[PDB]
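Text of structure-v3.pdb (PDB, C-alpha atoms and all ligand atoms) as supplied:
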```pdb
ATOM      1  CA  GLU U   1      66.481 160.000 119.568
ATOM      2  CA  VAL U   2      64.215 159.545 116.534
ATOM      3  CA  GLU U   3      62.143 162.477 115.255
ATOM      4  CA  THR U   4      58.905 161.775 113.364
ATOM      5  CA  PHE U   5      57.503 164.209 110.784
ATOM      6  CA  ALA U   6      54.391 164.327 108.582
ATOM      7  CA  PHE U   7      54.917 164.730 104.822
ATOM      8  CA  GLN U   8      53.079 167.707 103.354
ATOM      9  CA  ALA U   9      49.682 166.421 102.150
ATOM     10  CA  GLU U  10      50.650 166.744  98.435
ATOM     11  CA  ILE U  11      53.777 164.563  98.892
ATOM     12  CA  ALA U  12      51.778 161.991 100.853
ATOM     13  CA  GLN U  13      49.276 162.022  97.957
ATOM     14  CA  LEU U  14      52.100 161.530  95.416
ATOM     15  CA  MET U  15      53.475 158.601  97.394
ATOM     16  CA  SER U  16      50.053 156.908  97.607
ATOM     17  CA  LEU U  17      49.553 157.366  93.862
ATOM     18  CA  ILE U  18      52.936 155.757  93.178
ATOM     19  CA  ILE U  19      52.120 152.848  95.491
ATOM     20  CA  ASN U  20      48.491 152.410  94.356
ATOM     21  CA  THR U  21      48.459 152.943  90.575
ATOM     22  CA  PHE U  22      48.723 149.866  88.354
ATOM     23  CA  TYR U  23      51.876 150.519  86.330
ATOM     24  CA  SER U  24      54.109 147.664  85.133
ATOM     25  CA  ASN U  25      57.214 149.673  83.973
ATOM     26  CA  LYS U  26      58.678 149.889  87.511
ATOM     27  CA  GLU U  27      62.350 149.629  86.429
ATOM     28  CA  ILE U  28      62.561 153.393  85.842
ATOM     29  CA  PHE U  29      63.017 153.930  89.594
ATOM     30  CA  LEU U  30      66.714 153.137  89.058
ATOM     31  CA  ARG U  31      67.476 155.769  86.434
ATOM     32  CA  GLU U  32      65.675 158.367  88.577
ATOM     33  CA  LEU U  33      67.923 157.620  91.581
ATOM     34  CA  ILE U  34      71.099 157.459  89.450
ATOM     35  CA  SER U  35      70.084 160.772  87.869
ATOM     36  CA  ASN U  36      69.669 162.308  91.357
ATOM     37  CA  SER U  37      73.142 160.986  92.227
ATOM     38  CA  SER U  38      74.592 162.495  89.032
ATOM     39  CA  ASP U  39      73.062 165.938  89.854
ATOM     40  CA  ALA U  40      74.547 165.716  93.403
ATOM     41  CA  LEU U  41      77.958 164.824  91.987
ATOM     42  CA  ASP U  42      77.735 167.712  89.473
ATOM     43  CA  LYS U  43      76.934 170.009  92.411
ATOM     44  CA  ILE U  44      79.937 169.147  94.590
ATOM     45  CA  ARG U  45      82.241 169.129  91.535
ATOM     46  CA  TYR U  46      81.065 172.634  90.583
ATOM     47  CA  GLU U  47      81.333 173.978  94.152
ATOM     48  CA  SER U  48      84.871 172.582  94.513
ATOM     49  CA  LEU U  49      86.170 174.674  91.613
ATOM     50  CA  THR U  50      85.958 177.796  93.793
ATOM     51  CA  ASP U  51      86.569 176.063  97.124
ATOM     52  CA  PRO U  52      88.863 173.026  96.779
ATOM     53  CA  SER U  53      88.528 172.276 100.520
ATOM     54  CA  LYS U  54      84.957 171.030  99.809
ATOM     55  CA  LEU U  55      86.610 167.813  98.565
ATOM     56  CA  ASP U  56      88.510 167.246 101.867
ATOM     57  CA  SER U  57      85.632 164.865 102.645
ATOM     58  CA  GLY U  58      86.607 162.752  99.593
ATOM     59  CA  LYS U  59      87.943 163.439  96.092
ATOM     60  CA  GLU U  60      86.436 160.425  94.282
ATOM     61  CA  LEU U  61      83.144 161.114  92.462
ATOM     62  CA  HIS U  62      81.252 157.935  91.681
ATOM     63  CA  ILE U  63      78.126 155.818  92.072
ATOM     64  CA  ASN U  64      77.934 152.298  93.559
ATOM     65  CA  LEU U  65      75.003 149.924  93.122
ATOM     66  CA  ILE U  66      74.972 147.295  95.878
ATOM     67  CA  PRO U  67      72.469 144.423  95.942
ATOM     68  CA  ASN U  68      72.085 142.323  99.092
ATOM     69  CA  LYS U  69      69.800 139.299  98.795
ATOM     70  CA  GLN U  70      70.151 138.404 102.499
ATOM     71  CA  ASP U  71      68.783 141.843 103.544
ATOM     72  CA  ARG U  72      66.668 142.183 100.375
ATOM     73  CA  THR U  73      68.045 145.672  99.699
ATOM     74  CA  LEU U  74      69.327 147.546  96.684
ATOM     75  CA  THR U  75      71.501 150.483  97.727
ATOM     76  CA  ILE U  76      72.425 153.362  95.403
ATOM     77  CA  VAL U  77      75.491 155.082  96.856
ATOM     78  CA  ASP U  78      77.048 158.334  95.660
ATOM     79  CA  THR U  79      79.803 160.649  96.893
ATOM     80  CA  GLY U  80      77.833 163.731  95.786
ATOM     81  CA  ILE U  81      77.077 166.905  97.750
ATOM     82  CA  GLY U  82      74.848 165.118 100.287
ATOM     83  CA  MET U  83      71.855 166.620 102.106
ATOM     84  CA  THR U  84      71.530 168.680 105.306
ATOM     85  CA  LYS U  85      68.966 168.173 108.065
ATOM     86  CA  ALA U  86      67.162 171.209 106.637
ATOM     87  CA  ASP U  87      66.965 169.558 103.195
ATOM     88  CA  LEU U  88      65.567 166.337 104.703
ATOM     89  CA  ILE U  89      62.968 167.916 106.949
ATOM     90  CA  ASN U  90      61.813 171.001 105.076
ATOM     91  CA  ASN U  91      63.485 172.200 101.928
ATOM     92  CA  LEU U  92      63.146 169.186  99.651
ATOM     93  CA  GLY U  93      59.444 168.918 100.522
ATOM     94  CA  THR U  94      59.007 172.631  99.814
ATOM     95  CA  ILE U  95      60.580 172.290  96.367
ATOM     96  CA  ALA U  96      58.691 169.047  95.664
ATOM     97  CA  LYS U  97      55.288 170.694  96.282
ATOM     98  CA  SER U  98      55.073 172.390  92.892
ATOM     99  CA  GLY U  99      56.641 169.436  91.059
ATOM    100  CA  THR U 100      53.992 167.129  92.514
ATOM    101  CA  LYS U 101      51.133 169.383  91.426
ATOM    102  CA  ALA U 102      52.487 169.651  87.855
ATOM    103  CA  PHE U 103      53.113 165.882  87.669
ATOM    104  CA  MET U 104      49.657 164.991  88.958
ATOM    105  CA  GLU U 105      48.195 167.469  86.451
ATOM    106  CA  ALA U 106      50.279 165.957  83.620
ATOM    107  CA  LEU U 107      49.076 162.430  84.504
ATOM    108  CA  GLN U 108      45.542 163.479  83.549
ATOM    109  CA  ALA U 109      46.140 164.758  80.037
ATOM    110  CA  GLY U 110      47.773 161.409  79.517
ATOM    111  CA  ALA U 111      51.344 161.504  80.863
ATOM    112  CA  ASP U 112      52.541 158.394  82.677
ATOM    113  CA  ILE U 113      54.606 157.553  85.736
ATOM    114  CA  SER U 114      57.854 157.171  83.745
ATOM    115  CA  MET U 115      57.880 160.943  83.200
ATOM    116  CA  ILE U 116      58.078 161.700  86.956
ATOM    117  CA  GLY U 117      61.702 162.844  86.587
ATOM    118  CA  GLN U 118      60.667 165.813  84.423
ATOM    119  CA  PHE U 119      58.867 167.233  87.470
ATOM    120  CA  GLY U 120      61.768 167.015  89.933
ATOM    121  CA  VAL U 121      60.186 164.327  92.106
ATOM    122  CA  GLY U 122      61.791 161.171  90.728
ATOM    123  CA  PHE U 123      63.069 160.131  94.200
ATOM    124  CA  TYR U 124      59.519 159.023  95.097
ATOM    125  CA  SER U 125      59.546 156.482  92.261
ATOM    126  CA  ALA U 126      61.606 154.430  94.749
ATOM    127  CA  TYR U 127      58.215 153.398  96.156
ATOM    128  CA  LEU U 128      57.395 151.514  92.934
ATOM    129  CA  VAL U 129      59.701 148.782  94.162
ATOM    130  CA  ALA U 130      60.445 149.461  97.848
ATOM    131  CA  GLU U 131      58.258 148.911 100.924
ATOM    132  CA  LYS U 132      60.664 151.076 102.974
ATOM    133  CA  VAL U 133      63.358 153.561 101.913
ATOM    134  CA  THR U 134      66.273 154.498 104.162
ATOM    135  CA  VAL U 135      68.485 157.426 103.137
ATOM    136  CA  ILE U 136      71.849 157.932 104.828
ATOM    137  CA  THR U 137      73.446 161.222 103.891
ATOM    138  CA  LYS U 138      76.328 163.463 104.867
ATOM    139  CA  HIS U 139      76.791 167.066 103.669
ATOM    140  CA  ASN U 140      79.975 169.032 104.427
ATOM    141  CA  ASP U 141      78.196 171.577 106.584
ATOM    142  CA  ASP U 142      76.289 169.083 108.697
ATOM    143  CA  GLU U 143      76.213 165.775 110.555
ATOM    144  CA  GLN U 144      75.428 162.362 109.096
ATOM    145  CA  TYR U 145      71.653 161.694 109.150
ATOM    146  CA  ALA U 146      69.372 158.754 108.497
ATOM    147  CA  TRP U 147      65.982 159.558 106.952
ATOM    148  CA  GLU U 148      63.441 156.773 106.695
ATOM    149  CA  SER U 149      59.896 156.230 105.435
ATOM    150  CA  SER U 150      57.539 153.362 104.696
ATOM    151  CA  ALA U 151      55.159 156.007 103.343
ATOM    152  CA  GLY U 152      51.804 156.111 105.136
ATOM    153  CA  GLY U 153      52.192 159.872 105.600
ATOM    154  CA  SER U 154      55.224 160.084 107.872
ATOM    155  CA  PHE U 155      59.004 159.893 107.867
ATOM    156  CA  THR U 156      61.722 159.849 110.520
ATOM    157  CA  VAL U 157      65.070 161.583 110.853
ATOM    158  CA  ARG U 158      67.819 160.634 113.319
ATOM    159  CA  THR U 159      71.530 161.401 113.598
ATOM    160  CA  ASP U 160      73.262 158.351 112.139
ATOM    161  CA  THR U 161      75.654 156.425 114.404
ATOM    162  CA  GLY U 162      76.510 153.895 111.679
ATOM    163  CA  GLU U 163      79.688 153.800 109.596
ATOM    164  CA  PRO U 164      80.663 157.442 108.754
ATOM    165  CA  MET U 165      80.544 157.961 104.980
ATOM    166  CA  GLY U 166      82.699 161.055 104.398
ATOM    167  CA  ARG U 167      80.308 162.900 102.075
ATOM    168  CA  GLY U 168      77.370 161.821  99.941
ATOM    169  CA  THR U 169      74.147 159.809  99.986
ATOM    170  CA  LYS U 170      73.046 156.174 100.225
ATOM    171  CA  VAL U 171      69.516 155.307  99.249
ATOM    172  CA  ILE U 172      68.701 151.893 100.691
ATOM    173  CA  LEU U 173      65.714 150.299  99.004
ATOM    174  CA  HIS U 174      64.014 147.641 101.153
ATOM    175  CA  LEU U 175      62.375 145.837  98.263
ATOM    176  CA  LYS U 176      58.809 144.564  98.126
ATOM    177  CA  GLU U 177      58.555 140.741  98.238
ATOM    178  CA  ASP U 178      57.660 140.544  94.554
ATOM    179  CA  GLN U 179      60.395 142.933  93.352
ATOM    180  CA  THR U 180      63.562 140.882  94.038
ATOM    181  CA  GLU U 181      64.465 140.877  90.350
ATOM    182  CA  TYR U 182      66.237 144.204  91.100
ATOM    183  CA  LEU U 183      68.780 142.256  93.184
ATOM    184  CA  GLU U 184      69.873 140.226  90.136
ATOM    185  CA  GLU U 185      73.120 141.269  88.407
ATOM    186  CA  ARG U 186      71.826 140.720  84.857
ATOM    187  CA  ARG U 187      68.631 142.724  85.552
ATOM    188  CA  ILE U 188      70.479 145.707  87.042
ATOM    189  CA  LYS U 189      73.044 145.689  84.152
ATOM    190  CA  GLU U 190      70.179 145.677  81.625
ATOM    191  CA  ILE U 191      68.464 148.661  83.271
ATOM    192  CA  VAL U 192      71.673 150.707  83.628
ATOM    193  CA  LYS U 193      72.562 150.047  79.957
ATOM    194  CA  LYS U 194      69.013 150.899  78.831
ATOM    195  CA  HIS U 195      68.430 154.121  80.838
ATOM    196  CA  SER U 196      71.703 155.358  82.376
ATOM    197  CA  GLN U 197      74.402 154.607  79.788
ATOM    198  CA  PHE U 198      75.794 158.144  79.497
ATOM    199  CA  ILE U 199      76.065 159.168  83.136
ATOM    200  CA  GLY U 200      79.308 161.140  83.508
ATOM    201  CA  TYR U 201      80.587 159.260  86.602
ATOM    202  CA  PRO U 202      81.675 155.625  87.065
ATOM    203  CA  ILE U 203      78.813 153.356  88.109
ATOM    204  CA  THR U 204      80.094 150.226  89.818
ATOM    205  CA  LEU U 205      77.691 147.320  90.101
ATOM    206  CA  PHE U 206      78.765 145.204  93.069
ATOM    207  CA  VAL U 207      78.171 141.475  92.920
ATOM    208  CA  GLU U 208      77.030 139.115  95.667
TER     209      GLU U 208
HETATM  210  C1  LIG G   1      65.418 166.887  94.531
HETATM  211  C2  LIG G   1      66.916 166.634  94.362
HETATM  212  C3  LIG G   1      67.757 166.962  95.604
HETATM  213  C4  LIG G   1      67.527 166.007  96.792
HETATM  214  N1  LIG G   1      68.240 164.759  96.498
HETATM  215  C5  LIG G   1      67.678 163.591  96.091
HETATM  216  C6  LIG G   1      66.196 163.396  95.862
HETATM  217  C7  LIG G   1      65.515 163.257  97.214
HETATM  218  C8  LIG G   1      64.283 163.904  97.406
HETATM  219  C9  LIG G   1      63.602 163.791  98.624
HETATM  220  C10 LIG G   1      64.181 163.018  99.618
HETATM  221  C11 LIG G   1      65.383 162.391  99.441
HETATM  222  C12 LIG G   1      66.088 162.479  98.246
HETATM  223  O1  LIG G   1      65.702 161.711 100.605
HETATM  224  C13 LIG G   1      64.662 161.915 101.574
HETATM  225  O2  LIG G   1      63.712 162.755 100.905
HETATM  226  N2  LIG G   1      68.671 162.687  95.957
HETATM  227  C14 LIG G   1      69.860 163.240  96.257
HETATM  228  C15 LIG G   1      71.154 162.781  96.271
HETATM  229  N3  LIG G   1      71.495 161.504  95.910
HETATM  230  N4  LIG G   1      72.107 163.662  96.665
HETATM  231  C16 LIG G   1      71.822 164.936  97.019
HETATM  232  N5  LIG G   1      70.555 165.410  96.994
HETATM  233  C17 LIG G   1      69.580 164.552  96.607
END
```

What does this structure look like when you write it as structure tokens?
Amino acid sequence: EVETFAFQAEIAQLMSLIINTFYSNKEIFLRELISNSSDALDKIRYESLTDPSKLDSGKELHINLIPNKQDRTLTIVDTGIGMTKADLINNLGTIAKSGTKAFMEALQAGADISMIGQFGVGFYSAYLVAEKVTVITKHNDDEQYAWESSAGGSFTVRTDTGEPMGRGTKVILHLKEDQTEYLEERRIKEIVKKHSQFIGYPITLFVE
């Protein structure tokens, strides 16, 4: 069964801003997602130092970038801590409420969209390039879930029956028709080198 939820009004407002504002420097979505992956990998690494069994779901700590021109998706995969149902439905939105307010305040005063990551809401920059985002995630203490949203004020959560992932998160970007450059090897390499060159985990860019 699929459950449908409304975003909090402030998140919905953030998403509409991201979708609606004219802003050409869209490529920053990728460093925001890689940065989120890096934080998640830091988290499981740290937690495993006092409970080694937390890596029974997989010892390798890495990031994969997987373009698929047939499906028109760019997927950012990590083996980080993953997210629980409670994260997906309630807790991330709760935390994002204050970040959104600060960000939207910063934007008048002359900040720009590239600075979104300073406010803890960089995930939503995915909507600069994606018409739909699907997030598949597995946390040690919980089941594998699929979260999905095409914005418009709602998202869904379902238990995921797909290929079990062990532990971590896949963000599947269903790209807008005019954003297929982010499926091109040379373009992704350029962006990673420019914005994500010092991430402390291997980033493997898959080819097609
Ligand atoms: C705000 C950072 C924590 C939430 N989070 C995020 C950011 C985020 C925020 C909101 C989200 C979301 C993801 O999926 C659905 O809603 N990415 C990851 C990740 N790769 N691994 C673990 N946790 C993540």

- Query: the PyMOL selection byres (((not hetatm)) within 7 of (chain G and resi 1)) on the file shown: which residues, as a VMD selection string?
  - Reply: chain U and resid 33 36 to 37 40 78 80 to 83 88 92 to 93 120 to 121 123 135 147 168 to 169

Can you report as AutoDock Vina command-line options the centre and edge lengths in Å, to one decimal, of an axis-aligned box around the listed atoms of region 24-34 of chain U padded with 8 Å on each side?
```
--center_x 62.6 --center_y 153.0 --center_z 87.8 --size_x 33.0 --size_y 26.7 --size_z 23.6
```

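Proximity of U:118, U:73, U:154, U:161 to residue 176 (chain U), computed with only C-alpha atoms, is greatest for U:73.
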
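Evaluated against the shown file, the PyMOL selection byres (((chain U and resi 119) around 9) and not hetatm) gives residues 96, 98, 99, 100, 101, 102, 103, 115, 116, 117, 118, 120, 121 and 122 of chain U.
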
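Distance annotation: of U:22, U:201, U:5, U:145, the residue with the minimal separation from residue 62 (chain U) is U:201; atom set is only C-alpha atoms.
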
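For the atom pair formed by CA of residue 165 (chain U) and CA of residue 34 (chain U), the distance is 18.2 Å, given to one decimal.
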
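For residue 178 (chain U), the non-local neighbours within 12 Å, defined as residues at least 5 positions apart in the same chain or in other chains and counting only C-alpha atoms, are residues 26, 72, 128, 129, 130, 131 and 183 of chain U.
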
- Message: Need the shell around region 85-87 of chain U: protein/DNA/RNA residues with any atom at most 12 Å away, counting only C-alpha atoms. Skip same-chain ones fewer than 6 positions apart. Format as number ranges by chain?
- Response: U: 3, 93-96, 135-147, 156-160

- Find the residues around residue 71 (chain U) up to 12 Å (only C-alpha atoms counted), leave out those fewer than 4 positions away in its own chain, and share them as an NGL selection string. :U and (66-67 or 75 or 172-177 or 180 or 183 or 208)

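Take CA of residue 25 (chain U) and CA of residue 132 (chain U): the distance between them is 19.4 Å.
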
- Query: Quick one: which residues end up in the PyMOL selection byres (((chain U and resi 153) around 10) and not hetatm) for this structure, as a count of residues only?
  - Reply: 16

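Computed from the coordinates, the CA of residue 111 (chain U) to CA of residue 196 (chain U) distance equals 21.3 Å.
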
- Would you list the contacts of residue 63 (chain U) as a PyMOL selection string, taking every protein, DNA or RNA residue within 7 Å and counting all atoms listed in the file, but skipping same-chain residues closer than 2 positions in sequence? chain U and resi 65+77-78+201-204
